[PDB]
Amino acid sequence: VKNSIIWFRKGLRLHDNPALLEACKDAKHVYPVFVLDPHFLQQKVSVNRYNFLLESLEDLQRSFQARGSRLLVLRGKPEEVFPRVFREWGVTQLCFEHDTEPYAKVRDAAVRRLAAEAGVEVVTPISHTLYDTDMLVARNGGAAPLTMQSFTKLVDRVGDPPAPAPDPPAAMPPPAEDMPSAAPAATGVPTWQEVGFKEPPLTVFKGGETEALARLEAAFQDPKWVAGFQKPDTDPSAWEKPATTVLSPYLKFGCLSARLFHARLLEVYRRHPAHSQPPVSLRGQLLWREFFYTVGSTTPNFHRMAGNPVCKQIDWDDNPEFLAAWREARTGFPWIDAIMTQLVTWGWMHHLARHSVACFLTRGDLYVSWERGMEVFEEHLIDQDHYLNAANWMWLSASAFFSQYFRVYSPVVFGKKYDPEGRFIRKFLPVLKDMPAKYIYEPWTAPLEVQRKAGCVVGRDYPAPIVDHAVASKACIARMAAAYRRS
Ligand SMILES: Cc1cc2nc3c(=O)[nH]c(=O)nc-3n(C[C@H](O)[C@H](O)[C@H](O)COP(=O)(O)OP(=O)(O)OC[C@H]3O[C@@H](n4cnc5c(N)ncnc54)[C@H](O)[C@@H]3O)c2cc1C
Ligand SMILES: [Cl-]
């Protein structure tokens, strides 16, 4: 008979899941599996991101229980757990969504070898990306496009991405009873307390497919907003209602299908003819993701400077003091420190807020490597994605895809244009809550009498600027200009 495993790694969803539909097909028993390494901590990851994963698994659990089945969270490494359960469960087919990340390729190969030894058929559909990213490279003549203009041209030549896959059946073949490796007490979803985390998650975005589809429908409640979306014109200071979709954590874990999102965009575009076009449109934002997945998956050492054929070799400074101040939100520049606090508190910041902090640490003020910034973002972002985090840090550091190092964001003026009263700053830096708006972006300029009334004396309650932006940016630009002459 047919006994199948659907292995979740990403794709933590039941919609547009071609691997689950194939697994459930003609199956006597389907085994829904997530593999959790119980020592991933003891070895880098925030409770905000890890708990979002756990909430995503608890949603999957509820969804499978509704359909007569059960999510099995196996503890161990895939290479050691799958050979046993292949034979324990009499598995004939193993299904999972294809992953193009470097560690994914090594892991999936070894598992595919194990499945062959056990007589197990492997089916690996593509669904995390709009397209088969290797088909895009082959249609482009064997190399990934290196500009979005050429990439947008390529996808339009290829045509619409595949349609979202149908929904799974209302009743699923369950695991077989009294299998020892599927015992309930060994296969449940743990809490954040039981994985070793001692401080609670604080983010306001809840994990799971059910919340991802609720947040999708919220975005599409105003079609005219979807149609006219222009990414560079949105507001980074907006926190009560963020100015973009905040679907990124759900797309990263696959709680939301990229293809379903794309299909819903085109239906709105069909009825709104003046709709915005790539790159600034919402569809364009999914294409930024695909562009970076396509380049990054075909580029060696993509997450690194050294050995990376697309990254400029820049002489960044090893300055732990500047880095530490940036990471711990104590630069003395409230726009920067507020954004870095939202990072550690919510794990999500608007795209231009990320611009402001990434420029500051790299080609604008502190001249620290974008790798040191990417590592900090990897720990705290709930949307952390190998290829998107790496390419946007190379972009922001003018090390790849971007070359206009004379455009330096001001850590004082940038946010002021959107939020003159500093509502964003007061929310995330309550120490400045009583600071008059005239000084809230430059508190070191306030007379001492003003500092004492507001309760924020610089050097006592809030740090002093670690640099003079005018001096620092002028130095950093000079150095960047000599490097671009050096290459
Ligand atoms: C230094 C830096 C690091 C970043 N690291 C990440 C990361 O780890 N994970 C991540 O998802 N994005 C990352 N981004 C890209 C971008 O800032 C986020 O995708 C965006 O802020 C998510 O908000 P949203 O879902 O509201 O996006 P929307 O504007 O609503 O866009 C919809 C979707 O398009 C995709 N998208 C949007 N902007 C980009 C972009 N610039 N590059 C690639 N895909 C994009 C995302 O999947 C996003 O959810 C980074 C950007 C910078 C400057
Ligand atoms: Cl500016």
Side-chain angles (χ1 to χ4, degrees), residues 49 101 128-130 148 151 205 212 215-216 218-220 225-226 229-236 238 241-258 261-262 264-265 276 278-296 303 335 339-340 342-343 346-364 370-397 399-402 406-418 441 469 473:
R49 180 157 81 263
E101 285 186 22
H128 182 73
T129 45
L130 294 175
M148 171 92 151
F151 178 93
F205 303 109
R215 196 156 196 103
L216 183 69
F220 283 78
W225 180 86
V226 170
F229 186 93
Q230 293 201 53
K231 184 64 166 273
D233 300 327
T234 54
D235 184 348
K241 200 142 325 172
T244 53
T245 65
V246 200
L247 287 174
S248 66
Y250 305 98
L251 286 165
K252 169 243 152 32
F253 282 108
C255 303
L256 180 63
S257 157
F261 194 179
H262 197 273
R264 294 286 304 270
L265 287 172
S276 54
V280 307
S281 63
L282 252 187
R283 165 174 183 259
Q285 297 310 297
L286 292 178
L287 294 181
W288 282 114
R289 175 177 181 266
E290 200 91 3
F291 174 56
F292 290 144
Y293 261 85
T294 301
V295 184
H303 64 294
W335 179 243
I339 296 168
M340 294 299 293
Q342 186 179 35
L343 172 68
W346 284 12
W348 183 95
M349 319 108 69
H350 182 275
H351 183 65
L352 288 177
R354 305 199 208 197
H355 267 245
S356 260
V357 294
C359 187
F360 183 84
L361 179 79
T362 59
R363 62 178 186 79
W370 60 272
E371 266 162 303
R372 311 286 80 95
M374 190 192 39
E375 289 165 349
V376 177
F377 274 28
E378 276 180 76
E379 176 176 348
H380 297 290
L381 279 172
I382 57 166
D383 57 32
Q384 94 88 28
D385 186 285
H386 187 89
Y387 294 133
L388 304 192
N389 220 20
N392 280 279
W393 273 101
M394 286 188 282
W395 183 293
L396 254 296
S397 62
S399 310
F401 309 105
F402 182 83
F406 291 105
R407 172 76 185 110
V408 171
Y409 297 127
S410 167
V412 166
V413 175
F414 183 85
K416 208 182 217 168
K417 296 207 152 66
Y418 307 95
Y441 286 87
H469 176 69
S473 59

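Note: hydrogens, waters and symmetry copies are ignored here, and every other heavy atom, side chains too, is used. Throughout, numbering of the chain's residues begins at 1 and tracks the sequence. We count ligands from 1, going down the list as the structure has it; atoms in each ligand are counted the same way.
Here the shortest heavy-atom distance to atom 21 (O) of ligand 1, taken over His386, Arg354, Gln384, belongs to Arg354. The heavy atom nearest to atom 48 (C) of ligand 1, out of those in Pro242, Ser248, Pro236, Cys359, is found in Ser248. Residue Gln285 holds the heavy atom nearest to atom 45 (C) of ligand 1 of all those in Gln285, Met394, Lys231.
Of all atoms in ligand 1, numbered sequentially from 1 with element shown, those under 4.0 Å from a heavy atom of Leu396 are 53 (C). Interface of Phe229 with ligand 1, defined as ligand atoms under 4.0 Å from a residue heavy atom, comprises 29 (O). The atoms of ligand 1 that sit less than 4.0 Å from any heavy atom of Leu286 are 34 (O). Against a heavy-atom cut-off of under 4.0 Å, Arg289 is close to the following atoms of ligand 1: 43 (C), 44 (N), 47 (O). Interface of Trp393 with ligand 1, defined as ligand atoms under 4.0 Å from a residue heavy atom, comprises 1 (C).
Under 4.0 angstrom from ligand 1, the non-hydrogen atoms of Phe292 all belong to its side chain.
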Legend entry - Candidate pair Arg49 and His380, rule side-chain hydrogen bond (donor to acceptor under 3.5 Å, both in side chains), full reasoning: CA-CA 7 Å; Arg49 180 157 81 263; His380 297 290; over 6 Å; no

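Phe377 and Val357 make their closest contact through CZ-CG2, 3.6 Å (heavy atoms, listed as atom of the first residue, atom of the second, distance). Closest non-hydrogen pair, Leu352 versus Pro232, comes out as CD1-O, 4.0 Å.
For the pair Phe291 and ligand 1, no heavy-atom separation below 4.0 Å is found. Using a non-hydrogen distance threshold of 4.0 Å, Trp348 registers as a contact of ligand 1.
With ring centers used as reference points, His355 lies 6.0 Å or more from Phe414. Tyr250 and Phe261 have their aromatic ring centers separated by at least 6.0 angstrom.
Exactly one of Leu388, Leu286, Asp385 qualifies for a side chain to side chain contact (heavy atoms under 4.5 Å, CB included) with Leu251. That residue is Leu286.
Summary of contacts: the protein heavy atom closest to atom 33 (C) of ligand 1 is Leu251 CD1, 4.0 Å. Of all protein heavy atoms, the one closest to atom 9 (N) of ligand 1 is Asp383 O, 2.8 Å. Ranking protein heavy atoms by distance to atom 17 (O) of ligand 1, first place goes to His351 ND1, 2.7 Å. Remark: minimum distance from atom 8 (O) of ligand 1 to any protein heavy atom is reached at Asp385 N, 3.1 Å. In this structure, atom 5 (N) of ligand 1 lies nearest to the protein heavy atom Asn389 OD1, 2.8 Å. Of all protein heavy atoms, the one closest to atom 24 (P) of ligand 1 is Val246 N, 3.7 Å. Of all protein heavy atoms, the one closest to atom 30 (O) of ligand 1 is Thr245 OG1, 2.7 Å. For atom 52 (C) of ligand 1, the closest non-hydrogen atom on the protein side is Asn392 CB, 3.3 Å.
To the nearest 0.5 angstrom, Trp288 atom CH2 is 10.5 Å from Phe151 atom CZ.
Classification of the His303-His386 ring pair by plane angle, with boundaries at 30° and 60°, yields tilted. Aromatic ring orientation, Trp335 versus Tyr441: tilted (interplanar angle from 30° to 60°).
Both cation-pi conditions hold for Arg289 and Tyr293: the charged atom is under 6.0 angstrom from the six-membered ring centre and inside a 45 degree cone around its axis.
Of the N or O atoms in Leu247, one or more lie within a sub-3.5 Å distance of an N or O in ligand 1.
Looking at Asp235 and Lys417, no side-chain N of the basic residue comes within less than 4.0 Å of a carboxylate O on the acidic one, giving no salt bridge.
Using modelled atom types and a 3.5 Å distance limit, the side chains of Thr244 and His351 yield no donor-acceptor pair.
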